[PDB]
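*Asks:* For reference, the structure I am asking about is given below.
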Amino acid sequence: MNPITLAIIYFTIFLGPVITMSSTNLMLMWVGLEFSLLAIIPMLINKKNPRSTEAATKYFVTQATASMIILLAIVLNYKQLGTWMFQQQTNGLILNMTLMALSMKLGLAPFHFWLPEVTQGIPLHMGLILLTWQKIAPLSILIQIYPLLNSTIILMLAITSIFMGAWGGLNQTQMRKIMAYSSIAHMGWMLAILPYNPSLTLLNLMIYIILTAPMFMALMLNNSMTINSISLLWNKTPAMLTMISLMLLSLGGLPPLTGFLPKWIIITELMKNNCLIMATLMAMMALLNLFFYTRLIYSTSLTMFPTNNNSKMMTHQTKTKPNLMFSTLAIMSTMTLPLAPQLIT
Amino acid sequence: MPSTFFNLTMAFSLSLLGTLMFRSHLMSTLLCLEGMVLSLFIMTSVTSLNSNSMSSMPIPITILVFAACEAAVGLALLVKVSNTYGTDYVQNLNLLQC
Amino acid sequence: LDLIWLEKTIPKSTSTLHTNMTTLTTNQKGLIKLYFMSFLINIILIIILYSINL
Amino acid sequence: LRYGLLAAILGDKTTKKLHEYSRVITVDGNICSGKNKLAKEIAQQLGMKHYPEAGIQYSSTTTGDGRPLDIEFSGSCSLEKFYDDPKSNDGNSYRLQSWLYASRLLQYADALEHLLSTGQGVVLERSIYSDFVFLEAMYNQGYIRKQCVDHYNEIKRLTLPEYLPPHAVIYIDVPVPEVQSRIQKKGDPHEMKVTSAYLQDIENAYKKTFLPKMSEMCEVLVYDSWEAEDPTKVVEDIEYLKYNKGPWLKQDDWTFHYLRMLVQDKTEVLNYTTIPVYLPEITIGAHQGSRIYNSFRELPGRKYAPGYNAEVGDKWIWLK
Amino acid sequence: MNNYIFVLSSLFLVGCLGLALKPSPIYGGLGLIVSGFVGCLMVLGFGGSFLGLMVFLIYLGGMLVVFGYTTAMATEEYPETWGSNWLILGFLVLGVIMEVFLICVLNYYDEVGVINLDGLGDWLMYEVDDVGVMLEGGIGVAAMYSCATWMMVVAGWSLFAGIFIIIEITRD
Amino acid sequence: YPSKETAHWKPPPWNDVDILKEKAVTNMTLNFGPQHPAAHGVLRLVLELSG
Amino acid sequence: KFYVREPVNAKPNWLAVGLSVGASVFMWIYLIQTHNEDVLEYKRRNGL
Amino acid sequence: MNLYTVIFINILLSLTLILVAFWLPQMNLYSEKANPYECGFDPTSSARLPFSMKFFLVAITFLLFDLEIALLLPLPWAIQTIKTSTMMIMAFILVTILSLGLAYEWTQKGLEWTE
Amino acid sequence: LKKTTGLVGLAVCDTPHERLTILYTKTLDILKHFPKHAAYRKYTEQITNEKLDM
Ligand SMILES: CCCCCCCCCCCCCCCCCC(=O)OC[C@H](COP(=O)(O)OCCN)OC(=O)CCCCCCCCCCCCCCCCC
Ligand SMILES: Nc1nc2c(ncn2[C@H]2C[C@H](O)[C@@H](COP(=O)(O)OP(=O)(O)OP(=O)(O)O)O2)c(=O)[nH]1
Ligand SMILES: [Mg+2]
């Protein structure tokens with residue numbers, strides 16, 4: 001690489017969502033989305049393998065099409081009302097096109113097909129940057145239009161994203177695809193609670209981000225790609241196992257881990273708004289999510305898969321783990337349930 | 001003006017259908033993307049000229065700048081695809097399914 | 001009962017249903033032509049749902 | 001890790017610290033032909049750093065106390081047992097070969113780290129580019145199997161192209177009867193039980209594959225024994241060598257920086273040697289693996305990180 | 001001379017239909033050049049000429065680079081124009097017939113008033129300041145230099161970052 | 001969970017790189033024939049060109 | 001030396017040690033002072 | 001209307017000239033006459049194969065610089081503004097960052113026709 | 001001290017006495033492996049010896 005273009009690209013990656021979430025003009029939100037996409041593409045295609053090229057191409061055409069639909073919605077709103085924000089009396093067709101295009105930006109089902117494809121064939125840190133940072137700007141736009149959303153389309157997208165994410169993560173054995181389907185399921189939960197409480201989708205987004213940051217960090221430590229690769233972790237880094245298991249259980253939503261809190265409070269708000277059918281279906285598919293997490297836990301922690309001869313040399317060498325980032329986020333993402341009234345806002 | 005705006009919206013719809021329905025050519029997909037861009041530019045310019053929104057007249061120039069940036073990135077990715085395979089075929093780039 | 005039919009009824013049948021449905025869900029090829037065709041079908045369904053519910 | 005992007009920005013440029021003798025010189029030959037002394041003398045009178053041939057105990061000598069560990073901590077190879085009986089019921093030949101490849105990979109990474117960090121050239125004995133000769137000799141003599149060969153080739157494909165080839169490859173051609181006579185005169189009872197077909201297999205692998213495939217990317221200095229057994233003509237050839245081919249010419253400060261990062265992180269070096277391909281000659285199993293790992297952690301100086309071991313020193317334990 | 005803008009909009013619809021129907025990218029760039037010229041004429045008819053000339057120049061440069069790339073890599077031995085498959089021509093004329101059918105339906109259904117046959121050409125330009133200086137398009141695009149400096153700086157940073165982005169993508 | 005519709009798949013490579021060599025660049029063959037002004041009247045300079 | 005290669009941390013990084021200890025002491029002092037100011041302000045605003 | 005009439009008159013003039021060129025002379029068409037030229041030999045390829053241009057990065061940079069041109073072109077109306085200090089600063093910044101991008105590409109050998 | 005050789009592709013090649021010395025000694029050492037009656041050995045030894053002497 002080169003430090004100058006590293007600084008330019010990473011600053012533009014930062015600047016995109018910041019402009020989107022701090023700008024009150026829909027045009028400036030759109031140019032923030034464009035900033036994020038165009039800046040993150042060279043970080044995706046960096047290893048210059050065919051898989052990286054394919055992932056960059058798929059991501060580019062998907063996000064470009066979705067952003068074009070977003071800009072269509074903005075221009076139609078400007079035609080209808082003369083302003084640059086959906087105020088209160090816009091067209092429901094415009095709002096539904098906005099929701100559909102932002103769903104394809106976010107990557108929730110049935111627009112979810114590219115997300116495991118792009119997450120596969122991409123290095124783990126770029127998968128982390130995608131699955132955490134790229135989902136804040138479209139969520140910021142969705143939170144900005146908090147009323148005047150179609151709850152029917154919202155709930156349909158939410159339920160199909162949770163269903164398809166649970167099934168996909170159940171099938172997959174590649175770790176990056178597992179993380180992508182986890183992303184799809186949690187985005188389904190956030191979108192489900194979006195029209196009733198912006199605070200709860202913000203809370204679920206924060207819980208998901210602080211939960212899947214150290215999961216990706218622990219994958220990044222040993223460059224573990226598959227279930228077998230994470231299975232020979234007892235020989236590589238045996239101190240990782242308890243935190244890995246606790247974070248996987250917290251992603252599953254088991255009490256008393258703090259990952260139970262977003263699902264619990266979202267179910268509470270949906271009970272307050274009388275959507276028991278959707279809440280029950282979402283909870284059962286979250287149990288399916290917990291099943292594929294628990295199979296991962298069986299592979300990596302509660303059993304000891306066979307190891308090979310060169311792991312002796314791996315034990316001979318020395319390692320390095322980031323301070324202030326892994327352990328802090330792991331503790332805050334596992335043992336922060338009794339601070340639930342402070343976490344909800 | 002409403003007839004012309006209906007025609008421009010239908011032109012955007014046609015270019016969106018072209019973007020969604022692939023025919024073996026990433027370059028043709030990028031062409032459909034830029035057709036969508038041109039339709040949006042004409043819609044925004046006609047709206048601003050009709051409403052006399054001279055303060056909002058920089059909006060088409062902004063969307064043109066960002067659209068050319070995304071077209072630039074797409075052409076660079078097409079160059080990388082052609083270097084990888086040599087044919088530039090969207091069905092040929094498919095190996096991330098497993 | 002306890003070694004065939006309760007086992008066949010609740011847990012094994014639930015596992016069989018969900019593994020069939022996850023095979024059917026994750027039976028995708030990596031063709032973005034097919035992915036975008038599915039996205040078009042999604043857009044058409046959203047348009048029809050809006051035009052029906054209104 | 002002291003070196004990083006910040007250190008490179010503040011200025012630690014490899015091309016700034018390069019030199020006319022900042023070369024990687026790899027000495028190769030058959031089982032017993034004068035290559036340990038030749039590399040020593042070449043490093044001695046070129047100012048390089050001599051790296052002897054990476055044996056079983058290379059990681060043991062380069063990490064920790066530096067004393068060789070047990071035969072179960074440092075692989076399970078037993079080259080003497082390989083010479084005594086190949087084609088054993090347990091996979092010892094391929095275990096020895098894969099462990100030697102990983103040891104040579106670690107040695108090549110150490111040599112590259114030394115060269116990119118200090119600018120001093122390095123003279124290696126039989127680097128990773130000349131280990132497939134031993135593997136192919138093992139396979140063609142029937143000592144290992146096609147699954148082992150495929151696993152080795154997969155690990156070689158995963159690890160080898162991420163590094164740089166040697167600047168110079170010196171080869172010592174020597175006939176198989178001469179190698180046999182030198183082996184018998186050495187007197188090692190295990191090494192005396194080597195097949196002349198095996199030695200001819202190593203030589204054939206060398207000539208057929210190693211010399212052209214390295215000649216297309218660096219320069220080759222094939223010598224005889226009489227051209228060798230005189231480590232001054234070789235040094236004069238190295239001095240008046242021309243380095244006008246290979247990937248050492250098309251790279252710059254930032255390529256050197258990323259290579260230096262990848263080569264100073266030793267776990268990233270040895271990451272692909274531990275792929276979970278479950279070859280029964282290589283995989284171990286949970287009970288033996290956990291017993292060996294716990295005993296290795298109970299070794300002195302190995303229970304914690306090397307800065308933190310009160311039984312061997314490390315007085316300022318509570319402030320770091 | 002009243003339905004001039006409607007004729008232009010119909011031509012733009014036809015050009016976008018051809019671009020959607022996806023010829024060889026040589027003819028795709030041709031169709032986009034024609035559509036860009038037609039959209040320039042539409043903007044010029046509706047008002048200021050600067051925006052139309054700008055989009056014309058920009059798309060001329062863009063389709064030129066596109067032509068170079070589809071000659072370089074996005075080409076084949078028999079580049080289909082439109083008549084390699086009769087389905088493409090039949091679908092083009094089917095879309096034309098559907099366009100005529102829909103505009104006739106919307107003329108017959110004159111309650112909403114989106115398209116009217118008798119009222120076409122009557123509501124093109126709504127209200128204009130008859131006496132007045134400096135009211136044409138391009139003054140606002142100049143006001144991007146003084147009143148929307150945020151728009152100016154995000155466009156400039158987009159182009160700068162885009163230079164860095166394309167160098168790093170095609171670094172190889 | 002391999003089925004009849006996905007039994008032909010393979011696991012991804014560990015380093016996300018696989019061999020996909022074609023070597024089918026097909027450099028353009030152009031002849032400076034014996035009519036070119038640059039050719040000296042009588043020359044068939046067959047040129048393998050990369051652009 | 002027990003080790004063949006010098007460990008990255010054989011001596012404490014005294015800059016980091018002093019910075020961490022000083023940051024802890026400053027944060028505790030600032031926390032106690034702002035708690036005292038908060039209880040004083042609360043009592044002053046609503047009586048005692 | 002005037003410019004439209006002149007455009008149509010020029011188009012009709014060019015069409016009339018090429019129609020005269022096609023219907024005036026005598027035609028004698030056969031296969032060896034209408035074969036592609038290729039300097040007096042049969043072409044080896046089909047002249048539709050990939051060409052592999054060598055200035056692709058320069059072409060993409062041309063796209064970006066053309067949009068920087070589109071940004072810079074409203075300057076004759078921009079200099080009529082009432083502020084003129086923010087206008088001057090903004091024009092300086094725009095030209096400076098365009099020049100910085102060109103300088104960075106030149107340093108990184110982007111416009112060097114990599115074969 | 002010499003700036004250029006005047007022939008294209010011929011490098012300047014500083015300290016030429018040592019290079020000529022090692023080339024001539026290598027030529028003599030490989031001529032020692034020829035038969036004593038080899039006229040090529042005799043004549044090439046004469047040429048190399050007189051050039052090394054000068
Ligand atoms: C008489 C009383 C009647 C009333 C009570 C009825 C309910 C009783 C309780 C539920 C039944 C028990 C469910 C849990 C046990 C079954 C799951 C199981 O054990 O699956 C194992 C199997 C994987 O086998 P594995 O070990 O990996 O393979 C061999 C080695 N690899 O796993 C698989 O193949 C996939 C397993 C998926 C996970 C199953 C658990 C989650 C179920 C989610 C339910 C969702 C409900 C809504 C569904 C959609 C709407 C219909
Ligand atoms: N099977 C096997 N044996 C190897 C490999 N590398 C080295 N050996 C063995 C060959 C010898 O028995 C022993 C010592 O290697 P050398 O080639 O350095 O022999 P030695 O030091 O006796 O002679 P030298 O003066 O260096 O030529 O190690 C390898 O990759 N596989
Ligand atoms: Mg030796």
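Lettering and numbering for the structure tokens are positional, with chains as A, B, ... in the shown order, residues counted from 1 in each chain, and ligands counted from 1 in the shown order.
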Would you list which chain A residues are within 12 Å of chain G using only C-alpha atoms, as a list in words?
*Replies:* residues 317, 318, 319 and 320 of chain A
*Asks:* Identify, counting only C-alpha atoms and all ligand atoms, the protein, DNA and RNA residues located within 12 Å of ligand 1, and give them as a PyMOL selection string.
*Replies:* (chain A and resi 159-160+162-164+166-171+173+252+277-296+298-299) or (chain C and resi 1-2+5-23) or (chain F and resi 1-2)
*Asks:* Counting only C-alpha atoms, what is within 9 Å of residue A:64, bar same-chain residues fewer than 5 positions away, as a list in words?
*Replies:*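 What passes the distance filter is residues 34, 37, 59 and 69 of chain A; 33 and 70 of chain B.
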*Asks:* Write out as a PyMOL selection string all residues of chain G that DSSP puts in helix (DSSP H, G or I) for this structure's backbone.
*Replies:* chain G and resi 14-45
*Asks:* Mind checking which residues fall within 10 Å of residue B:17, counting only C-alpha atoms, ignoring those fewer than 5 positions away in the same chain, and posting them as a list in words?
*Replies:*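 Listed by chain and then number, they are residues 11, 12, 22, 32 and 36 of chain B; 36, 37 and 40 of chain C; 17, 20 and 21 of chain E.
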*Asks:* Would you mind listing the residues within 10 Å of ligand 3, counting only C-alpha atoms and all ligand atoms, as a list in words?
*Replies:*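 The distance check yields residues 28, 29, 30, 31, 32, 33, 34, 35, 36, 37, 38, 39, 52, 53, 54, 55, 125 and 126 of chain D.
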*Asks:* I'd like the neighbourhood of residue E:158 as a PyMOL selection string, where a residue qualifies if any of its atoms comes within 12 Å (using only C-alpha atoms), though same-chain residues fewer than 4 positions away should be ignored.
*Replies:* (chain A and resi 8-9+11-13+15-16+31-39) or (chain B and resi 62-70+72-73) or (chain E and resi 151-154+162-166) or (chain H and resi 64-65+67-68+71+94+97-98+101)
*Asks:* Leaving out residue H:92 and any residue of its chain fewer than 6 positions from it, which residues lie within 12 Å of it when counting only C-alpha atoms, given as a PyMOL selection string?
*Replies:* (chain E and resi 145+153+156) or (chain H and resi 72+75+84-86+98-100)
*Asks:* Go ahead and write the residues just picked, N, CA and C atoms, as a short mmCIF file (atom, residue, chain, number, x, y, z; two decimals), in the first residue's frame.
*Replies:*
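Result saved to result_22.cif:
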```cif
data_model
loop_
_atom_site.label_atom_id
_atom_site.label_comp_id
_atom_site.auth_asym_id
_atom_site.auth_seq_id
_atom_site.Cartn_x
_atom_site.Cartn_y
_atom_site.Cartn_z
N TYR E 145 -20.27 28.19 -5.52
CA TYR E 145 -18.98 28.70 -5.09
C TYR E 145 -19.09 29.59 -3.85
N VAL E 153 -17.20 21.42 -1.63
CA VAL E 153 -16.10 20.69 -1.02
C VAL E 153 -16.37 19.18 -1.01
N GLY E 156 -15.49 18.12 -4.57
CA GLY E 156 -14.05 18.12 -4.76
C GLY E 156 -13.36 16.98 -4.05
N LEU H 72 -15.46 23.45 -12.39
CA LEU H 72 -14.76 24.72 -12.57
C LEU H 72 -15.42 25.66 -13.56
N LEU H 75 -17.31 29.40 -13.10
CA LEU H 75 -16.53 30.53 -12.60
C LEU H 75 -16.87 31.90 -13.21
N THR H 84 -16.76 37.07 -2.74
CA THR H 84 -15.56 37.04 -3.57
C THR H 84 -14.33 36.54 -2.82
N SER H 85 -14.37 36.54 -1.50
CA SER H 85 -13.26 36.02 -0.72
C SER H 85 -13.41 34.52 -0.54
N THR H 86 -14.59 34.07 -0.11
CA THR H 86 -14.87 32.64 -0.07
C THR H 86 -14.87 32.05 -1.47
N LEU H 98 -7.09 19.41 -7.34
CA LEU H 98 -6.97 18.80 -8.66
C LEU H 98 -5.50 18.63 -9.05
N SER H 99 -4.70 19.67 -8.82
CA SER H 99 -3.27 19.59 -9.12
C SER H 99 -2.56 18.59 -8.22
N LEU H 100 -2.99 18.48 -6.96
CA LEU H 100 -2.40 17.50 -6.06
C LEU H 100 -2.71 16.08 -6.50
#
```
*Asks:* What residues in chain D lie within 10 Å of chain I, counting only C-alpha atoms, written as a ChimeraX atom specification?
*Replies:* /D:226-227,232-233,236-237,239-240
*Asks:* Convert the current residue selection to file output with N, CA and C atoms, as a compact mmCIF listing (two decimals), in the first residue's frame.
*Replies:*
```txt
# COMPACT_ATOMS: atom_id res chain seq x y z
N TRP D 226 35.92 -29.71 -7.14
CA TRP D 226 37.18 -29.00 -7.31
C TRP D 226 36.97 -27.52 -7.58
N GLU D 227 35.87 -27.15 -8.24
CA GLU D 227 35.49 -25.74 -8.28
C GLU D 227 35.09 -25.27 -6.89
N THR D 232 36.96 -19.43 -2.43
CA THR D 232 37.39 -18.10 -2.84
C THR D 232 37.00 -17.78 -4.28
N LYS D 233 37.07 -18.76 -5.17
CA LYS D 233 36.56 -18.58 -6.53
C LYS D 233 35.06 -18.34 -6.51
N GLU D 236 34.50 -14.81 -5.42
CA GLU D 236 34.79 -13.89 -6.52
C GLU D 236 33.66 -13.86 -7.54
N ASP D 237 33.06 -15.02 -7.81
CA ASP D 237 31.88 -15.06 -8.68
C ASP D 237 30.72 -14.27 -8.09
N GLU D 239 30.91 -11.79 -5.99
CA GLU D 239 31.26 -10.38 -6.07
C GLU D 239 31.01 -9.83 -7.46
N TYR D 240 31.47 -10.53 -8.49
CA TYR D 240 31.16 -10.11 -9.86
C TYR D 240 29.96 -10.86 -10.43
```
*Asks:* Could you please select, counting only C-alpha atoms, the residues of chain G within 12 Å of chain D and state them as a PyMOL selection string?
*Replies:* chain G and resi 1-18+20-21
*Asks:* What residues in chain F lie within 9 Å of chain D, counting only C-alpha atoms, written as a list in words?
*Replies:* residues 14, 15 and 17 of chain F
*Asks:* Applying 9 Å and only C-alpha atoms, which residues near stretch 22-27 of chain F remain after dropping the ones on its own chain fewer than 2 positions away? List them as a PyMOL selection string.
*Replies:* (chain B and resi 85-86) or (chain F and resi 20+29+48-51) or (chain H and resi 49-52)
*Asks:* Would you save the residues from that selection as a tab-separated table (two decimals), in the first residue's frame, using N, CA, C and O atoms?
*Replies:*
```tsv
chain	number	residue	atom	x	y	z
B	85	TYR	N	-10.12	-12.79	-15.81
B	85	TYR	CA	-10.64	-13.82	-16.70
B	85	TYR	C	-10.31	-13.59	-18.17
B	85	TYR	O	-9.79	-14.48	-18.84
B	86	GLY	N	-10.60	-12.40	-18.69
B	86	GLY	CA	-10.36	-12.10	-20.08
B	86	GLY	C	-11.61	-12.01	-20.92
B	86	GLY	O	-11.50	-11.80	-22.13
F	20	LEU	N	-6.55	-20.17	-11.62
F	20	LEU	CA	-7.53	-19.97	-12.68
F	20	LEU	C	-6.84	-19.47	-13.94
F	20	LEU	O	-7.30	-18.53	-14.60
F	29	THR	N	-2.73	-10.28	-34.30
F	29	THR	CA	-1.79	-10.49	-35.40
F	29	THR	C	-2.15	-9.52	-36.51
F	29	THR	O	-3.24	-9.58	-37.07
F	48	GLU	N	2.91	-9.52	-33.81
F	48	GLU	CA	2.12	-9.90	-32.65
F	48	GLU	C	2.10	-8.69	-31.73
F	48	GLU	O	3.14	-8.29	-31.19
F	49	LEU	N	0.92	-8.10	-31.55
F	49	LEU	CA	0.75	-6.84	-30.84
F	49	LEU	C	-0.12	-7.05	-29.62
F	49	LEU	O	-1.05	-7.86	-29.62
F	50	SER	N	0.18	-6.28	-28.57
F	50	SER	CA	-0.60	-6.27	-27.34
F	50	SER	C	-1.35	-4.95	-27.18
F	50	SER	O	-1.40	-4.38	-26.10
F	51	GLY	N	-1.93	-4.46	-28.27
F	51	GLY	CA	-2.50	-3.13	-28.29
F	51	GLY	C	-1.78	-2.32	-29.34
F	51	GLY	O	-1.93	-2.56	-30.54
H	49	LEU	N	-11.54	-8.81	-31.82
H	49	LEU	CA	-10.93	-9.38	-30.64
H	49	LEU	C	-10.62	-8.28	-29.63
H	49	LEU	O	-10.63	-7.09	-29.98
H	50	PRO	N	-10.41	-8.63	-28.36
H	50	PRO	CA	-9.97	-7.63	-27.38
H	50	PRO	C	-8.68	-6.95	-27.79
H	50	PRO	O	-7.76	-7.57	-28.33
H	51	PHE	N	-8.62	-5.64	-27.54
H	51	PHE	CA	-7.51	-4.82	-28.00
H	51	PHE	C	-6.48	-4.52	-26.93
H	51	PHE	O	-5.30	-4.36	-27.25
H	52	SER	N	-6.90	-4.47	-25.66
H	52	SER	CA	-6.02	-4.26	-24.49
H	52	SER	C	-5.27	-2.94	-24.59
H	52	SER	O	-4.06	-2.88	-24.81
```
*Asks:* For residue B:23, which residue among B:45, B:51, B:82, B:91 is the nearest when counting only C-alpha atoms?
*Replies:*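 The answer is B:91, which sits nearest to residue B:23.
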*Asks:* Using only C-alpha atoms and a distance of at most 8 Å, pull out the residues of chain E that contact chain H, as a ChimeraX atom specification.
*Replies:* /E:54,58,61-62,65,68-69,71-78,138-139,141-143,145-146,149,152-153,156,159-160,162-164,166-167,170
*Asks:* Taking N, CA, C and O atoms for each residue, export the selection above as a short mmCIF file (atom, residue, chain, number, x, y, z; two decimals), in the first residue's frame.
*Replies:*
```cif
data_model
loop_
_atom_site.label_atom_id
_atom_site.label_comp_id
_atom_site.auth_asym_id
_atom_site.auth_seq_id
_atom_site.Cartn_x
_atom_site.Cartn_y
_atom_site.Cartn_z
N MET E 54 -23.86 21.05 -19.79
CA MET E 54 -22.98 20.35 -18.87
C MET E 54 -23.18 18.85 -18.93
O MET E 54 -22.22 18.08 -19.04
N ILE E 58 -20.40 16.11 -20.26
CA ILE E 58 -20.00 15.07 -19.32
C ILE E 58 -20.26 13.70 -19.90
O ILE E 58 -19.40 12.81 -19.85
N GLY E 61 -17.73 12.81 -22.74
CA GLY E 61 -16.48 12.26 -22.21
C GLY E 61 -16.65 10.86 -21.64
O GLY E 61 -15.81 9.97 -21.86
N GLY E 62 -17.75 10.65 -20.91
CA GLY E 62 -17.98 9.35 -20.29
C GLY E 62 -18.16 8.24 -21.30
O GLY E 62 -17.54 7.18 -21.19
N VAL E 65 -14.78 7.29 -23.02
CA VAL E 65 -13.98 6.34 -22.24
C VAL E 65 -14.64 4.96 -22.23
O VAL E 65 -13.97 3.93 -22.30
N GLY E 68 -13.76 3.25 -25.47
CA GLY E 68 -12.42 2.70 -25.37
C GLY E 68 -12.38 1.40 -24.59
O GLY E 68 -11.72 0.44 -24.99
N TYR E 69 -13.13 1.34 -23.49
CA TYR E 69 -13.10 0.14 -22.66
C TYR E 69 -13.83 -1.03 -23.31
O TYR E 69 -13.39 -2.18 -23.19
N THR E 71 -14.08 -1.49 -26.47
CA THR E 71 -13.19 -2.00 -27.49
C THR E 71 -12.08 -2.84 -26.87
O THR E 71 -11.68 -3.87 -27.43
N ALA E 72 -11.58 -2.42 -25.71
CA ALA E 72 -10.43 -3.10 -25.11
C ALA E 72 -10.81 -4.47 -24.55
O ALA E 72 -10.11 -5.46 -24.81
N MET E 73 -11.88 -4.55 -23.77
CA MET E 73 -12.12 -5.78 -23.02
C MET E 73 -13.55 -6.30 -23.12
O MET E 73 -13.77 -7.51 -23.07
N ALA E 74 -14.52 -5.41 -23.26
CA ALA E 74 -15.93 -5.81 -23.27
C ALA E 74 -16.43 -5.99 -24.71
O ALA E 74 -17.40 -5.38 -25.14
N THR E 75 -15.75 -6.86 -25.44
CA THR E 75 -16.05 -7.09 -26.84
C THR E 75 -16.09 -8.59 -27.12
O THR E 75 -15.66 -9.41 -26.32
N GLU E 76 -16.62 -8.92 -28.30
CA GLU E 76 -16.74 -10.30 -28.73
C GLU E 76 -16.63 -10.33 -30.24
O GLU E 76 -16.57 -9.29 -30.90
N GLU E 77 -16.59 -11.54 -30.80
CA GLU E 77 -16.39 -11.70 -32.24
C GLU E 77 -17.56 -11.17 -33.04
O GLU E 77 -17.36 -10.58 -34.11
N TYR E 78 -18.79 -11.36 -32.56
CA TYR E 78 -19.99 -10.89 -33.24
C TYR E 78 -20.80 -10.04 -32.27
O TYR E 78 -21.73 -10.53 -31.62
N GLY E 138 -27.25 28.46 -14.10
CA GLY E 138 -25.84 28.76 -14.08
C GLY E 138 -25.47 29.76 -13.01
O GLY E 138 -24.36 29.72 -12.48
N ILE E 139 -26.40 30.66 -12.68
CA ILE E 139 -26.21 31.54 -11.54
C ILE E 139 -26.23 30.74 -10.24
O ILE E 139 -25.44 31.00 -9.33
N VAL E 141 -25.49 27.46 -10.05
CA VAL E 141 -24.28 26.65 -10.09
C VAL E 141 -23.06 27.50 -9.73
O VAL E 141 -22.09 26.99 -9.16
N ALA E 142 -23.10 28.79 -10.04
CA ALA E 142 -22.11 29.71 -9.52
C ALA E 142 -22.27 29.93 -8.02
O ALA E 142 -21.28 30.10 -7.31
N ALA E 143 -23.52 29.94 -7.53
CA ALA E 143 -23.76 30.11 -6.11
C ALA E 143 -23.28 28.92 -5.30
O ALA E 143 -23.18 29.01 -4.08
N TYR E 145 -20.27 28.19 -5.52
CA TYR E 145 -18.98 28.70 -5.09
C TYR E 145 -19.09 29.59 -3.85
O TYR E 145 -18.11 29.72 -3.11
N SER E 146 -20.24 30.20 -3.62
CA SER E 146 -20.36 31.15 -2.52
C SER E 146 -21.40 30.75 -1.49
O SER E 146 -21.17 30.97 -0.29
N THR E 149 -20.77 26.05 -0.27
CA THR E 149 -19.38 25.63 -0.27
C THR E 149 -19.24 24.22 0.27
O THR E 149 -18.27 23.54 -0.04
N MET E 152 -19.70 22.18 -2.78
CA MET E 152 -18.46 22.27 -3.55
C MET E 152 -17.36 21.39 -2.95
O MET E 152 -16.67 20.67 -3.68
N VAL E 153 -17.20 21.42 -1.63
CA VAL E 153 -16.10 20.69 -1.02
C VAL E 153 -16.37 19.18 -1.01
O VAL E 153 -15.43 18.39 -1.14
N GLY E 156 -15.49 18.12 -4.57
CA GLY E 156 -14.05 18.12 -4.76
C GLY E 156 -13.36 16.98 -4.05
O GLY E 156 -12.46 16.35 -4.60
N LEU E 159 -13.92 13.77 -5.98
CA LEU E 159 -13.03 13.59 -7.13
C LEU E 159 -11.60 13.26 -6.69
O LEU E 159 -10.94 12.40 -7.29
N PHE E 160 -11.12 13.91 -5.63
CA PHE E 160 -9.78 13.64 -5.11
C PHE E 160 -9.64 12.21 -4.59
O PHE E 160 -8.74 11.45 -4.99
N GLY E 162 -11.56 9.84 -5.36
CA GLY E 162 -11.73 8.96 -6.50
C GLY E 162 -10.45 8.71 -7.26
O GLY E 162 -10.24 7.60 -7.75
N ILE E 163 -9.60 9.73 -7.38
CA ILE E 163 -8.28 9.53 -7.99
C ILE E 163 -7.49 8.51 -7.20
O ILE E 163 -6.91 7.56 -7.75
N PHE E 164 -7.47 8.68 -5.87
CA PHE E 164 -6.74 7.72 -5.04
C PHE E 164 -7.35 6.32 -5.13
O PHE E 164 -6.63 5.31 -5.21
N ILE E 166 -9.11 4.94 -7.67
CA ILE E 166 -8.89 4.24 -8.94
C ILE E 166 -7.44 3.81 -9.07
O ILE E 166 -7.16 2.73 -9.62
N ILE E 167 -6.49 4.60 -8.54
CA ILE E 167 -5.10 4.16 -8.56
C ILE E 167 -4.92 2.90 -7.72
O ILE E 167 -4.26 1.94 -8.15
N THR E 170 -6.67 -0.21 -9.60
CA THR E 170 -5.92 -0.68 -10.76
C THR E 170 -4.42 -0.72 -10.52
O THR E 170 -3.65 -0.70 -11.48
#
```
